[PDB]
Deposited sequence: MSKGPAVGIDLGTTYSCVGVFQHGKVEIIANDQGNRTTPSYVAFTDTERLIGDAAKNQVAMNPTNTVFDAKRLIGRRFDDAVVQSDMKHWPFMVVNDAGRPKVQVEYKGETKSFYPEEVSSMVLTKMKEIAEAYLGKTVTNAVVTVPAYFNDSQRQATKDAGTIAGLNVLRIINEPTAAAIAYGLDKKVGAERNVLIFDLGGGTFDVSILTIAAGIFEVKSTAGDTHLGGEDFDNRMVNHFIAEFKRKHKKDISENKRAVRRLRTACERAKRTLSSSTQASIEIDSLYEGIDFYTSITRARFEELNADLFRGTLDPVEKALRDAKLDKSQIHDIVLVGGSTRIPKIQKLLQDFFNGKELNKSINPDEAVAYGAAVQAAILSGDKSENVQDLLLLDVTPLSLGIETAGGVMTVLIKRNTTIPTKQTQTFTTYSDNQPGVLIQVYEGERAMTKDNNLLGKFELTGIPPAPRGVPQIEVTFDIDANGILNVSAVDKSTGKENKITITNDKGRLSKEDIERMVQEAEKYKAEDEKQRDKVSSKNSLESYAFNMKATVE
């Protein structure tokens, strides 16, 4: 049958299907297009989704949430340890592997984070099956771009337990871009900033999209910032107001705080579309009815630090991506909290008036992209890789960047690394990695007869030329004598598939921090040696 796209989120999960040329976000039993990522254990039954969240106050100890925070992690991690403080459910050490302890049918039961996530995936699969009328096995599950291999594997394992065959694990920012069809946009290297403000998590990702290939240049955000924090500021304000107006603290009564929180959540939604919102609660504390109103401006004032702090991760992502704000070509809003007008104004003003892509429901965009990717996997002139030469230390120095329109001619000047160097070896490589060993060797040629001189004085000009056919000609000239040597590298049709380019870009993303340190180690950027570093029998 048709494959489904699943957004497994920390607070909420969404499932979508591409059928008859259209993506449909599938509603649950209660008519909700988003299902809470909550699993509840009771003396008689196991509850998943909205039902679990509705009874959380009654059974906090046995209601589980924020499993995505523990997936593919270790009990020792500071994140795990810090998070446990705010969780009513028990997290226990099992040989350093985090597991949740709950009471189920009178037996204490412990479950892995992937097991809890599998139960959420089971509900999403069931929601899809009820809508489709057919069993759904194939699925594409999304993960945060910063997730490591163990977290991604743990997510795939959760689907495997659920009975789903996970065709691919894809980044949530990449899924949002696919939903907006940024990949299908014409041209070269569009830079995309995904601004994701969920209920409990904030993510900012910069992606460069070129010829259908996505590269995650940078990631930034706050794992503990979301819409709930905005609700908390409103709740604290109203508790203070009641204490001033009626001289009572309602914080003692759990039900009173819960009723106020629900009113604050409804008011925040109203404030997204209206200037003011009304709070009406009967007998909130000691029989006193609380009837009051809040303006959008007061809501903005209560959350001013949180709203403006959103720009700081955007600034860090731009610095890590080494891009100016002007170089961003597309901005995508993901998450319900992005509906807030102040957040949109702060981002648009920071980007000097740039339009924001908000057209697809922010809560459903990641699932929408996952569904398009699932369909593509199921039935449903530019340069592919960076081209460069090896510099001293086996470093890759790029002369032609990936996705550069062809024909192109690029020239750089290099020097000897050793005193009285007789010659230089020009080694041509293809790849996105800092070291040539991690890149592909295309050809090598030798320039010799260099006049004896101190290191840094001989000048060797290397030129890369691509005739429109795509044939690469690499030439080196000794500037002192005019002596030259060149290699012609044939472009075989089908040498690289789309997957081959994707794997090498994904490898560069996985090792970006380590790759940067290797670039920092060599003092001179363009010094050339007379030997292949990869074939040296040292270290």
Practice problem: Could you name the stretches of the deposited sequence that have no C-alpha atoms in this structure? | Solution: 1-3, 384-394, 554
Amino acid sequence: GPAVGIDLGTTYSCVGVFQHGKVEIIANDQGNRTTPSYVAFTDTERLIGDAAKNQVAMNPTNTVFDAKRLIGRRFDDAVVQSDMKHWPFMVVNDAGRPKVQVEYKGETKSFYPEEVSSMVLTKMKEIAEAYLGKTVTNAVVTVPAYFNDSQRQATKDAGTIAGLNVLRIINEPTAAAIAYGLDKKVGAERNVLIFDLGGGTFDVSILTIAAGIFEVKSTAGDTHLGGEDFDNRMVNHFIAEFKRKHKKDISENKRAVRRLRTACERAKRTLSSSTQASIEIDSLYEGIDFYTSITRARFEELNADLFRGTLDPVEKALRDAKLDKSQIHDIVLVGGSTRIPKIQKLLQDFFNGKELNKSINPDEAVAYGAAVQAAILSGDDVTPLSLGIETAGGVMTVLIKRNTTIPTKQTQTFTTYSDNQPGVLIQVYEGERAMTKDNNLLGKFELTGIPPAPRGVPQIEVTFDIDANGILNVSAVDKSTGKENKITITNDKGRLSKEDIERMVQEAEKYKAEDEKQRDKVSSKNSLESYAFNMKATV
From here on, numbers count along this sequence of modelled residues.
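Rigid core (definition): largest C-alpha set, two forms, superposition within 1.5 Å.
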Exercise. Please work out whether 234-242 or 72-80 has the higher root mean square C-alpha deviation in 7 other deposited structures of this protein relative to the shown form, with the rigid core as fitting region?
Key: 72-80
Quiz item: Between 186-194 and 417-425, where do the CA atoms move more in 7 other deposited structures of this protein, taking the root mean square over the structures and residues after a core fit?
Solution: 186-194
Quiz item: If we scan the other compared entries, does residue 380 go without coordinates in at least a third?
Solution: yes
Quiz prompt | Mean C-alpha temperature factor, higher of 402-410 and 344-352 | solution = 402-410
Quiz item: Where do the C-alpha atoms have the higher mean temperature factor in this entry, in 94-102 or in 391-399?
Solution: 94-102
Practice problem: Name the one of 439, 82, 427, 171 with the greatest CA B-factor according to the PDB entry. | Solution: 82
Quiz item: From 121, 211, 370, 332, can you pick the one with the highest C-alpha B factor in the entry?
Solution: 211
Quiz prompt | Third of the chain, ranked by Cα B-factor, where residue 520 sits | solution = highest
Practice problem: Name the third of the chain's ranked CA B-factors that contains residue 259, choosing lowest, middle or highest. | Solution: middle
Quiz item: Relative to the other modelled residues in the chain, which third contains the C-alpha temperature factor of residue 203: lowest, middle or highest?
Solution: lowest
Quiz item: If you rank the chain by CA B-factor, which third does residue 142 end up in: lowest, middle or highest?
Solution: lowest
Quiz item: Within this chain, which third does the Cα B-factor at residue 484 fall in: lowest, middle or highest?
Solution: lowest
